[PDB]
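Heads up: the structure comes next, in structure tokens.
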Amino acid sequence: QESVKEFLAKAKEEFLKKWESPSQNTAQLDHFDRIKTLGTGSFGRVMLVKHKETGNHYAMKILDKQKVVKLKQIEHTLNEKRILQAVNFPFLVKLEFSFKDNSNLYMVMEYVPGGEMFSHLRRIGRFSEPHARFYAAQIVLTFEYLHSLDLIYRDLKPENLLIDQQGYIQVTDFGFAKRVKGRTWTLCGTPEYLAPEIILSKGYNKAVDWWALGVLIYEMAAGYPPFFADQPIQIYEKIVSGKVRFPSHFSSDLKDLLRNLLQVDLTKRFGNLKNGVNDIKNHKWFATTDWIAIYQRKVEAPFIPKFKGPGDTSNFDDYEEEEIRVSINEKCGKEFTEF
């Protein structure tokens with residue numbers, strides 16, 4: 001409908017204004033108190049912090065510049081911040097401030113206290129089809145938004161979907177997101193979610209995000225991913241074969257949708273045909289979904305996470321607490337000039 005076309009035209013205008021003129025240097029470290037480490041990786045961490053004057057809580061992602069350089073993540077880190085400061089959609093975590101110092105890069109996000117979808121899925125075992133469909137619809141609308149801005153996301157997996165106080169999704173971690181008109185070539189993503197054309201080192205496109213949506217829906221409704229194996233080389237063999245076995249408890253509509261998203265030939269894959277996202281939105285599995293009501297957050301969620309307040313960390317786990325050190329000498333200044 002023209003109403004959807006005009007919504008996406010405005011969304012792209014607002015994105016491009018911030019993309020061309022990015023905000024920089026909008027807070028500093030000593031404006032915040034550190035509370036707890038919420039998760040950790042190769043070159044970065046995420047910490048719960050509290051702003052000292054307003055009392056608001058935030059999730060602060062901290063990247064060590066020297067480690068970003070050594071793990072060959074310069075361009076990816078610059079993509080992450082420039083995209084996050086320019087987007088705006090109900091199911092994306094919001095960036096509130098960004099800054100750098102002699103040692104680190106910082107992205108300060110709104111804190112979502114309900115935890116990762118991954119924790120809730122593994123607790124309960126699997127989601128019913130209605131529960132999986134409520135989350136899937138939010139991912140379909142978010143990919144329709146991002147792809148209309150020429151953005152590929154490239155990191156869909158249950159750990160990157162946080163559950164908010166209303167039981168809706170907020171997508172976090174734009175470390176592999178990129179603005180792409182046409183093809184791109186980098187190997188990135190978690191093994192169980194990789195499309196065949198990434199494994200085979202091709203020039204690939206936004207169709208890899210619709211493949212990853214098929215893996216996510218399968219894992220939500222089964223409890224485990226479709227190409228599961230003990231080591232990556234065996235996972236990759238299963239993916240490129242694309243043979244998939246479905247549990248008997250899956251509906252016939254779910255099986256049919258998943259055969260069309262987990263299509264090895266990217267030129268035949270739902271989301272990547274002449275009708276684009278509408279082949280997914282009009283599929284029988286989504287017949288009960290009110291797309292407008294989902295966007296407006298008017299549907300009652302299947303599940304509300306248990307937590308005590310905006311500073312509660314009980315839905316996240318425990319990590320060794322390490323210093324946030326800042327050198328007296330500036331490191332890697334040239335590489336990160338635009339941040």
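Starting from 1 in every chain, residues are counted up; chains themselves are A, B, ... following the order of the structure tokens, and ligands are numbered from 1 as listed.
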Quiz item: What lies within 8 Å of residue A:305 using only C-alpha atoms, ignoring chain neighbours under 5 positions off, as a PyMOL selection string?
Solution: chain A and resi 114-115+163-165+167
Quiz prompt | All residues 7 Å or closer to residue A:25, only C-alpha atoms, same chain fewer than 2 positions away omitted, as a VMD selection string | solution = chain A and resid 27 98 to 99
Requested write-out: N, CA, C and O atoms of the selected residues, as a PDB file, in the first residue's frame:
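That gives us selection-v3.pdb:
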```pdb
ATOM      1  N   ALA A  27      29.254  12.078  25.282  1.00  0.00           N
ATOM      2  CA  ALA A  27      29.365  11.875  26.752  1.00  0.00           C
ATOM      3  C   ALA A  27      30.846  11.683  27.089  1.00  0.00           C
ATOM      4  O   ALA A  27      31.698  11.749  26.190  1.00  0.00           O
ATOM      5  N   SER A  98      27.882   8.291  22.384  1.00  0.00           N
ATOM      6  CA  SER A  98      29.115   7.594  21.989  1.00  0.00           C
ATOM      7  C   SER A  98      30.294   8.518  22.240  1.00  0.00           C
ATOM      8  O   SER A  98      30.115   9.734  22.267  1.00  0.00           O
ATOM      9  N   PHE A  99      31.461   7.909  22.473  1.00  0.00           N
ATOM     10  CA  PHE A  99      32.698   8.679  22.696  1.00  0.00           C
ATOM     11  C   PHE A  99      33.897   7.729  22.636  1.00  0.00           C
ATOM     12  O   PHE A  99      33.747   6.500  22.634  1.00  0.00           O
TER      13      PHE A  99
END
```
Practice problem: Could you check which of A:219, A:279, A:265, A:256 is closest to residue A:195, using only C-alpha atoms? | Solution: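 Closest to residue A:195 of all the choices is A:265.
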Dump as a Markdown table the rows for residues of stretch 160-206 of chain A within 12 Å of stretch 38-58 of chain A: closest atom pair and distance in Å with one decimal, only C-alpha atoms counted, ordered by chain and rising residue number.
```
| residue | atom | partner | partner_atom | distance |
| --- | --- | --- | --- | --- |
| A:160 | CA | A:39 | CA | 11.7 |
| A:172 | CA | A:46 | CA | 11.2 |
| A:173 | CA | A:46 | CA | 10.4 |
| A:175 | CA | A:44 | CA | 10.8 |
```
Practice problem: Just the residues within 9 Å of stretch 101-108 of chain A, please, counting only C-alpha atoms, with nothing from its chain fewer than 5 positions along; format it as a ChimeraX atom specification. | Solution: /A:27-29,49,58-66,81,94-96,324-333,336,339
Self-check item: Residues flagged helix (DSSP H, G or I) by DSSP in stretch 219-317 of chain A, as a ChimeraX atom specification
Solution: /A:219-222,232-241,252-261,266-268,278-281,284-286,291-295
Could those selected residues go to a file with C-alpha atoms, as a short mmCIF file (atom, residue, chain, number, x, y, z; two decimals), in the first residue's frame?
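Below you can see again.cif, which holds the result:
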```
data_model
loop_
_atom_site.label_atom_id
_atom_site.label_comp_id
_atom_site.auth_asym_id
_atom_site.auth_seq_id
_atom_site.Cartn_x
_atom_site.Cartn_y
_atom_site.Cartn_z
CA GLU A 219 15.41 -23.16 16.42
CA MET A 220 12.63 -21.28 18.30
CA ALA A 221 10.00 -23.95 17.40
CA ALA A 222 12.22 -27.07 17.72
CA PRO A 232 31.99 -26.22 12.28
CA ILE A 233 33.25 -28.23 9.26
CA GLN A 234 30.39 -30.71 9.76
CA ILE A 235 27.84 -27.89 10.23
CA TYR A 236 29.00 -26.33 6.94
CA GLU A 237 28.65 -29.67 5.10
CA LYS A 238 25.02 -29.93 6.32
CA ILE A 239 24.21 -26.30 5.36
CA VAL A 240 25.47 -26.58 1.76
CA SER A 241 23.59 -29.87 1.29
CA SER A 252 2.48 -28.18 7.52
CA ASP A 253 2.40 -24.35 7.12
CA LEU A 254 5.62 -24.01 9.20
CA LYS A 255 7.44 -26.70 7.17
CA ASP A 256 6.44 -24.99 3.90
CA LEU A 257 7.64 -21.53 5.05
CA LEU A 258 10.97 -23.00 6.25
CA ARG A 259 11.66 -24.87 2.95
CA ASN A 260 11.30 -21.48 1.17
CA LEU A 261 13.57 -19.52 3.61
CA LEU A 266 19.57 -17.71 -3.32
CA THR A 267 17.69 -16.77 -6.52
CA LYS A 268 14.68 -18.90 -5.34
CA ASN A 278 5.48 -9.72 0.85
CA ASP A 279 6.00 -13.42 -0.03
CA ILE A 280 6.82 -13.90 3.68
CA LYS A 281 4.13 -11.58 5.15
CA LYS A 284 -0.21 -19.04 5.40
CA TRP A 285 1.96 -19.44 8.55
CA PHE A 286 1.50 -15.67 9.19
CA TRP A 291 1.26 -6.54 11.06
CA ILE A 292 0.14 -3.00 12.02
CA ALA A 293 -0.78 -4.03 15.58
CA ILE A 294 2.67 -5.66 16.01
CA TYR A 295 4.47 -2.46 14.84
#
```
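In terms of minimum interatomic distance to residue A:109, A:85 ranks closest within A:263, A:85, A:77, A:128, counting only C-alpha atoms.
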Self-check item: stretch 22-200 of chain A: residues DSSP assigns to strand (DSSP E or B), reported as a VMD selection string
Solution: chain A and resid 32 to 40 44 to 51 57 to 64 92 95 to 100 104 to 110 116 151 to 152 161 to 163 169 to 171 178 to 179 184
Self-check item: Nearest to residue A:76, chosen from A:176, A:32, A:185, A:204, with only C-alpha atoms counted in the distances
Solution: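 Answer, going by the shortest atom-to-atom distance: A:176.
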Practice problem: Can you pull out every residue within 8 Å of residue A:201, counting only C-alpha atoms, but drop anything in the same chain fewer than 2 positions away, and send it as an MDAnalysis selection string? | Solution: chainID A and resid 185 187 197:199 203
Export of the given selection (N, CA and C atoms) as an mmCIF file, in the first residue's frame:
```cif
data_model
loop_
_atom_site.group_PDB
_atom_site.id
_atom_site.type_symbol
_atom_site.label_atom_id
_atom_site.label_comp_id
_atom_site.auth_asym_id
_atom_site.auth_seq_id
_atom_site.Cartn_x
_atom_site.Cartn_y
_atom_site.Cartn_z
ATOM 1 N N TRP A 185 31.470 -9.290 0.587
ATOM 2 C CA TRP A 185 32.296 -10.515 0.504
ATOM 3 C C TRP A 185 32.826 -11.033 1.869
ATOM 4 N N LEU A 187 33.689 -12.904 5.291
ATOM 5 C CA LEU A 187 33.219 -14.040 6.087
ATOM 6 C C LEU A 187 32.984 -13.597 7.523
ATOM 7 N N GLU A 197 25.932 -19.376 0.539
ATOM 8 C CA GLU A 197 26.800 -18.502 -0.262
ATOM 9 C C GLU A 197 27.876 -17.805 0.557
ATOM 10 N N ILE A 198 27.710 -17.656 1.884
ATOM 11 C CA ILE A 198 28.830 -17.165 2.715
ATOM 12 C C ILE A 198 29.877 -18.268 2.890
ATOM 13 N N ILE A 199 29.437 -19.505 3.174
ATOM 14 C CA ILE A 199 30.370 -20.624 3.365
ATOM 15 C C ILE A 199 31.193 -20.847 2.099
ATOM 16 N N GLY A 203 30.253 -13.569 -3.620
ATOM 17 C CA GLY A 203 29.713 -12.232 -3.375
ATOM 18 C C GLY A 203 28.238 -12.335 -3.064
#
```
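If only C-alpha atoms are the atoms counted, then among A:67, A:100, A:18, A:147 the closest residue to residue A:86 is A:18.
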Quiz item: Hey, what's within 12 Å of residue A:148 if we count only C-alpha atoms and toss same-chain stuff fewer than 6 positions away? As a VMD selection string, please?
Solution: chain A and resid 4 to 13 15 to 16 87 141 to 142 179 to 181 206 276 to 277
Exercise. Measure the distance from atom CA of residue A:226 to atom CA of residue A:242 in Å and round it to one decimal.
Key: 9.3 Å
Please tabulate, as CSV, the residues of stretch 48-159 of chain A that come within 12 Å of stretch 297-301 of chain A, each with its closest pair of atoms and the distance in Å to one decimal, counting only C-alpha atoms and ordering rows by chain, then residue number upward.
```
residue,atom,partner,partner_atom,distance
A:89,CA,A:297,CA,11.9
A:90,CA,A:297,CA,8.4
A:91,CA,A:297,CA,9.8
A:130,CA,A:301,CA,10.2
A:131,CA,A:301,CA,8.3
A:132,CA,A:301,CA,11.1
A:133,CA,A:301,CA,11.0
A:134,CA,A:301,CA,7.6
A:135,CA,A:301,CA,9.2
A:137,CA,A:299,CA,11.6
A:138,CA,A:297,CA,9.9
```
Exercise. Measuring atom to atom with only C-alpha atoms, identify which of A:112, A:207, A:213, A:69 is nearest to residue A:313.
Key: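 Among the listed residues, the smallest separation from residue A:313 belongs to A:112.
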Practice problem: Give the answer as one residue: which of A:92, A:162, A:149, A:177 has the shortest atom-to-atom distance to residue A:117, using only C-alpha atoms? | Solution: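 Comparing A:92, A:162, A:149, A:177 against residue A:117, the winner is A:162.
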Considering only C-alpha atoms, return as a PDB file with N, CA, C and O atoms, in the first residue's frame whatever protein or nucleic-acid residues lie within 8 Å of residue A:83, sequence-local ones (same chain, fewer than 5 positions apart) excluded.
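Saved the output as around.pdb:
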```pdb
ATOM      1  N   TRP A  19      23.202   9.679   8.658  1.00  0.00           N
ATOM      2  CA  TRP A  19      24.312   8.934   8.053  1.00  0.00           C
ATOM      3  C   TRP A  19      25.353   9.897   7.477  1.00  0.00           C
ATOM      4  O   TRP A  19      26.561   9.707   7.655  1.00  0.00           O
ATOM      5  N   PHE A 174      25.374  -4.558  16.336  1.00  0.00           N
ATOM      6  CA  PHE A 174      25.515  -4.191  14.935  1.00  0.00           C
ATOM      7  C   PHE A 174      26.973  -4.311  14.467  1.00  0.00           C
ATOM      8  O   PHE A 174      27.364  -3.743  13.423  1.00  0.00           O
ATOM      9  N   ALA A 177      26.949  -5.320  10.879  1.00  0.00           N
ATOM     10  CA  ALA A 177      26.004  -4.643   9.963  1.00  0.00           C
ATOM     11  C   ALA A 177      26.763  -3.741   8.991  1.00  0.00           C
ATOM     12  O   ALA A 177      27.811  -3.166   9.320  1.00  0.00           O
ATOM     13  N   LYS A 178      26.244  -3.613   7.758  1.00  0.00           N
ATOM     14  CA  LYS A 178      26.964  -2.827   6.745  1.00  0.00           C
ATOM     15  C   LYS A 178      25.979  -2.213   5.743  1.00  0.00           C
ATOM     16  O   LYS A 178      24.988  -2.840   5.368  1.00  0.00           O
TER      17      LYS A 178
END
```
